[PDB]
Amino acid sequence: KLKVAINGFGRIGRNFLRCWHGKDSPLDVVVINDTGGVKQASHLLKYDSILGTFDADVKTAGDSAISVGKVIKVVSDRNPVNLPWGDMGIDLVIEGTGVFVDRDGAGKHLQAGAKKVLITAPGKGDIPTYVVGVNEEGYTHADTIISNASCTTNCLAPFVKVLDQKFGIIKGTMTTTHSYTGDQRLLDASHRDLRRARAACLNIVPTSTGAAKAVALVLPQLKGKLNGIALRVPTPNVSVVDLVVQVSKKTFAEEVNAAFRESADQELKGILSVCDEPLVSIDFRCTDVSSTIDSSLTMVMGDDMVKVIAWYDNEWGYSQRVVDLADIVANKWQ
């Protein structure tokens, strides 16, 4: 119902497409800018080493893909401005290329005729960034460019918000043991980040995370109260956040968990979740929630220091939110 165009048909680009494919009554993905090609587009959409073979009749239309029924125009141009958004009448552009995350760069879409742009990552500075289930209500239809934050910020914010509300977060540090991603090197090669420059499947790669300071955007009350690092490890998808926060009200794990289970059943039903099962990474693959609290691990040391371990499917979960946020955009005029 809302004309959507996907710029960047990579991990999230393709996940997004598959995430709503199934969604019940969304917007309308009508175009795809895959630097690759029509061939590459349908092949990589039908086959996924992580998502599995796409259960859908994904074919080629001579010059655009076609899923069980629909034809999606496929275009290729790495210069956003030369894109048909205007001519086709694109309303929303899911900017998942990871190169146009600043007002300027993302603005290229706008000038190609696109109406809004939804950056599938952290916006660069002057950009409104929302996390569904935390601050999505502050969204204005007058927002020309949006940021759906990072995968880590989406997993972290929700239970943080709950933690702050019910116990009063004084300050804390989080560490994310995160799967490797396209940004890393398969084998020791050139990367701005000399740590990321190292073979991804062979090492545990320390690296900076913004998610900590990013939580403050979606939850102003935590401004300057958090910070952390990321540890990239030998797994394709599904990551885990390890949050240690010193709170205001004395507490115990069981109590913290219960708090998560209210919110999980209430204001975050669909965003936050609480698992009491002895699961591991894989078990969380293809989960639609932004964050799943691993109850069995919650620890409160010293009546004020709370440790929380939450899981997240950085690809699918996040793509689900991108779909969600887009839906909102749709519900708020254009």
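Residue indices: 1-based, along the sequence shown.
As the entry records it, the average C-alpha temperature factor is higher for 95-103, out of 95-103 and 198-206. Stretches compared: 34-42, 50-58. Higher mean C-alpha B-factor in the entry: 34-42. Of the residues listed, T177, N257, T173, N135, the entry assigns the biggest Cα temperature factor to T173. Looking at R232, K73, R78, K116, the one whose CA carries the top B-factor in the deposited record is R78.
Ranked against the other modelled residues of its chain, the C-alpha B-factor of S248 as given in the entry falls in the highest third.
In the PDB entry, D24 places in the highest third of its chain by CA B-factor. Ranked within its chain, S64 lands in the highest third, by CA B factor from the PDB record. In this PDB entry, the Cα temperature factor of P128 sits in the bottom third of its chain's modelled residues, the lowest group. The entry lists a Cα temperature factor for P158 that places it in the lowest third of the chain's modelled residues.
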